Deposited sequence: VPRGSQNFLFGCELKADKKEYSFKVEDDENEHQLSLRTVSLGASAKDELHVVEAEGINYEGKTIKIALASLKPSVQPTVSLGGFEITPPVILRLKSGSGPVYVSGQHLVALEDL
């Protein structure tokens, strides 16, 4: 089954934690109307193939250059934290929460 997913990362609330008791498929990352005209970096933190915790950079966005990046359905296994690493925000992430059996 396939549900809408989204989160907002901002100075207030730099992180979103995807957990639960499934797959997230990330679709776009985009800067809100009010973001400072500067580079924003959004990162994902989770476990790699070795079982080590890593931080990976998903996108670098700037309002006057590239305010949206489309990820094409980047599937991630829970758990993952999405975080605004730099830039004012707000930054949005959209995608799907997929459930199977």
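> What stretches of this chain's deposited sequence are missing C-alpha coordinates?
Coordinates drop out over 1-5, 27-31, 112-114.
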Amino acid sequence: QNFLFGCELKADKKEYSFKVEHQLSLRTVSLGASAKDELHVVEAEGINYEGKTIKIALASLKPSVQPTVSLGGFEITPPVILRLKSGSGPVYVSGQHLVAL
From here on, numbers count along this sequence of modelled residues.
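> Mean Cα B factor from the PDB record: higher for 65-73, or higher for 46-54?
Looking at the recorded C-alpha B-factors, 46-54 comes out higher on average.
> Can you tell me whether 12-20 has a higher mean C-alpha B factor than 85-93 in this record, or the other way round?
Mean CA B-factor is higher for 12-20.
> In terms of the CA temperature factor given in the entry, to which third of its chain does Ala33 belong: lowest, middle or highest?
According to the entry, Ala33 has a C-alpha B-factor in the chain's highest third.
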